[PDB]
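**Q** Mind having a look at this structure? Questions to follow.
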Amino acid sequence: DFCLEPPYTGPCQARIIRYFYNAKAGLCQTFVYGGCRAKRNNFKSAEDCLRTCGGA
Amino acid sequence: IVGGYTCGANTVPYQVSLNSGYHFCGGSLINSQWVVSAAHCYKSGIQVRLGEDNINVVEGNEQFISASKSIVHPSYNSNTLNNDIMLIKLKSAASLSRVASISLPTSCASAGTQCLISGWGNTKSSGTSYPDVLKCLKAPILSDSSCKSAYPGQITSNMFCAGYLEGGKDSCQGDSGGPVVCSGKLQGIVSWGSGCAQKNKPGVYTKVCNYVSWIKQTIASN
Ligand SMILES: [Ca+2]
């Protein structure tokens, strides 16, 4: 379950704010994404995040 | 920028901030209407901010201009990061001492050349601390061999390493797309690395001298 994976910033150096599902907190949180090599627990909005992972 | 120093207000006139509600990448002004940055900094709704020092407060020397076009290199590879270069056309031309363009290189720089890297990225290697003002870092270009030994099978002919093998001085998240200027010419674009300021893990940059023809022609036909 990719929804349980920790957020992945990646090797690139942008500071792009994305969302990841935090199973411990039971909610989607923000984190800094570097701009490349995104894993699946990486969403552009909280709504996308909740729709895909909500309740995992 | 980890281990750098405060550049000083508008001492890097070609430095721009790409803003999408907040600073997410840097870029260089190479023409009154064109900015060069990294392809991984591609985003919709980009507003370019020029004449910036403190990115959090309006100081009076700024020019915010939205992008009208964003052209990513046709051969940019998101997996390998090869050809990590992008051109942004401003909706209107910038008014050029505090805002000025940087020259494209006539030739590639050699290992050992000292360059100036700048940006508003993270200043901590172990932690998160984003500065208000622009940070600067002088780092030398490293040889192709050491760059390749640092990142086995990951360095292409379009990338170069710069920094210190001891670590402590490097670019970091939020610096992407920014300039690596050597001898007054734009030689690199902040691109990727492994963590920030880690020992034996120098930063990797897009080798600009390899794209000068594409840049000049692309700007002219758009
Ligand atoms: Ca400002």
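Here the protein sequences come in this chain order: I and E. Counting from 503, one number per residue, gives the positions in the first sequence under the entry's author numbering. Heads up: the second sequence is residues 16 to 34, 37 to 67, 69 to 114, 116 to 125, 127 to 130, 132 to 183, 184A, 184 to 187, 188A, 188 to 204, 209 to 217, 219 to 220, 221A, 221 to 245, going by the entry's author numbering. For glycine and all other residues, C-beta sits at the position ideal for the given N, C-alpha and C.
1. Which residues in chain E sit within 8 Å of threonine 511/I, going by Cβ to Cβ distance?
2. Does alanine 516/I have its Cβ less than 8 Å from a Cβ in chain E?
3. Determine whether the beta carbon atoms of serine 88/E and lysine 109/E lie at a separation below 8 Å.
4. Between the alpha carbons of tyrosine 29/E and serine 120/E, how many angstroms are there, rounded?
5. Considering only their Cβ atoms, is the gap separating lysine 188/E from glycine 197/E smaller than 8 Å?
6. Quick one: Cα of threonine 144/E to Cα of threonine 532/I, how far?
7. With which residues is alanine 183/E paired in a DSSP beta bridge?
8. Please report the distance separating the alpha-carbon of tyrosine 151/E from that of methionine 104/E.
9. Just the Cα atoms here: how many angstroms apart are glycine 18/E and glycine 557/I?
10. When every heavy atom of ligand 1 is checked, does at least one fall within less than 7 Å of the C-beta of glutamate 77/E?
11. Taking 8 Å as the threshold (beta carbon to beta carbon), is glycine 536/I in contact with chain E?
12. I believe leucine 155/E touches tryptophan 141/E by the beta-carbon criterion, under 8 Å. Please report the beta-carbon distance rounded to the nearest angstrom.
13. When DSSP labels each residue in this structure, what does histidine 91/E get in the three-state scheme?
14. At a Cβ cut of 8 Å, what residues of the region 50 to 64 of chain E count as close to chain I, listed as they run along the chain?
15. Closer than 8 Å, CB to CB, is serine 96/E near chain I or not?
16. I'd like to know whether the C-beta of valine 90/E is nearer than 8 Å to at least one C-beta of chain I.
17. In this structure, does DSSP put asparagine 100/E in helix, strand or coil?
18. Among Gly148/E, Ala112/E, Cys232/E and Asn179/E, whose alpha-carbon lies nearest the alpha-carbon of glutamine 192/E?
19. So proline 513/I packs on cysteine 530/I, CB below 8 Å; how close in whole Å?
20. With a threshold of 8 Å between beta carbons, is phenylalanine 41/E in contact with chain I?
21. Just mark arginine 517/I as buried or exposed, buried being the case when its beta carbon has 16 or more other beta carbons within 10 Å.
22. Grouping DSSP H, G and I as helix and E and B as strand, with all else coil, what is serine 170/E?
23. Below 7 Å, is the gap between the Cβ of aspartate 71/E and the nearest heavy atom of ligand 1?
24. Do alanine 160/E and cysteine 128/E have their C-beta atoms closer together than 8 Å?
25. For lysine 224/E, tell me which candidate among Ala171/E, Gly69/E and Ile138/E has the shortest Cα-Cα distance.
26. Tell whether a beta-carbon distance below 8 Å holds between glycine 38/E and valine 65/E.
27. Considering only residues of the same chain and omitting the five flanking positions on each side of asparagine 72/E, which have a CB-CB separation below 7 Å?
**A** Quick look at the numbers:
1. Stepping through the first sequence from its first residue, residue 511/I is reached at position 9. In chain order: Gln192.
2. Numbered from its first residue, the first sequence carries residue 516/I at position 14. It does; some Cβ of chain E falls within 8 Å.
3. Numbered from 1 along the second sequence, position 70 holds the residue referred to as residue 88/E. Numbered from 1 along the second sequence, position 91 holds the residue referred to as residue 109/E. In this structure, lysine 109/E does not lie closer than 8 Å to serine 88/E by Cβ.
4. As a first step, residue 29/E is located in the second sequence; it is residue number 14 there, counting from the start. As a first step, residue 120/E is located in the second sequence; it is residue number 101 there, counting from the start. Looking at the two C-alpha atoms, the distance is approximately 5 Å.
5. Looking up residue 197/E in the second sequence gives position 178. Looking up residue 188/E in the second sequence gives position 169. No, these two residues do not count as a Cβ contact at 8 Å.
6. For the purposes of this step, residue 144/E is taken as residue 123 along the second sequence, with counting starting at 1. For the purposes of this step, residue 532/I is taken as residue 30 along the first sequence, with counting starting at 1. One C-alpha to the other measures close to 20 Å.
7. Locating residue 183/E in the second sequence gives position 162, where the first residue counts as 1. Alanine 183/E is bridged to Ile162/E and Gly226/E.
8. For the purposes of this step, residue 151/E is taken as the residue at position 130 of the second sequence. For the purposes of this step, residue 104/E is taken as the residue at position 86 of the second sequence. Cα to Cα, the separation comes out at about 24 Å.
9. Counting from one through the second sequence, the residue named residue 18/E turns up at place 3. Counting from one through the first sequence, the residue named residue 557/I turns up at place 55. One C-alpha to the other measures close to 42 Å.
10. Counted from its first residue, the second sequence places residue 77/E at position 59. Flag set: Cβ of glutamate 77/E near ligand 1.
11. One-based indexing of the first sequence puts residue 536/I at position 34. Yes, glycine 536/I lies at the interface with chain E (some Cβ there is under 8 Å from its Cβ).
12. Counting from 1 along the second sequence, the entry for residue 155/E is found at position 134. Counting from 1 along the second sequence, the entry for residue 141/E is found at position 120. At roughly 6 Å, the Cβ-Cβ gap stays under 8 Å, so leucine 155/E and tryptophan 141/E are in contact.
13. What you label residue 91/E is simply residue 73 of the second sequence in a count that begins at 1. Coil, per DSSP.
14. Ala55, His57, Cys58 and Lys60
15. Counted from its first residue, the second sequence places residue 96/E at position 78. Output row for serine 96/E: interface = yes.
16. Walking along the second sequence from the start, residue 90/E turns up at place 72. No, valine 90/E lies away from the interface with chain I (no Cβ there is under 8 Å from its Cβ).
17. As a first step, residue 100/E is located in the second sequence; it is residue number 82 there, counting from the start. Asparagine 100/E: coil per DSSP, three-state reduction.
18. Mapped onto the second sequence, residue 192/E falls at position 173. When only C-alpha atoms are compared, the closest one is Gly148/E.
19. In the first sequence, residue 513/I corresponds to position 11, counting from 1. In the first sequence, residue 530/I corresponds to position 28, counting from 1. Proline 513/I to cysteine 530/I, Cβ: 24 Å. No contact.
20. The residue given as residue 41/E occupies position 24 in the second sequence. True, the Cβ-Cβ gap to chain I drops below 8 Å.
21. Position 15 of the first sequence, counting from 1, holds the residue named residue 517/I. Burial call: buried.
22. Within the second sequence, residue 170/E is the residue found at index 149, counting from 1. Reduced to three states, the DSSP call for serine 170/E is helix.
23. Numbered from 1 along the second sequence, position 53 holds the residue referred to as residue 71/E. Checking every heavy atom of ligand 1 against the Cβ of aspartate 71/E, one is found closer than 7 Å.
24. Taking the first residue of the second sequence as 1, we reach residue 160/E at position 139. Taking the first residue of the second sequence as 1, we reach residue 128/E at position 108. The Cβ atoms of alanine 160/E and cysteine 128/E do not sit closer than 8 Å to each other.
25. As a first step, residue 224/E is located in the second sequence; it is residue number 201 there, counting from the start. The shortest C-alpha separation from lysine 224/E is found at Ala171/E.
26. Stepping through the second sequence from its first residue, residue 38/E is reached at position 21. Stepping through the second sequence from its first residue, residue 65/E is reached at position 48. No, they are not a contact pair.
27. By 1-based counting over the second sequence, the position of residue 72/E is 54. Correct list, in chain order: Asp153 and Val154.
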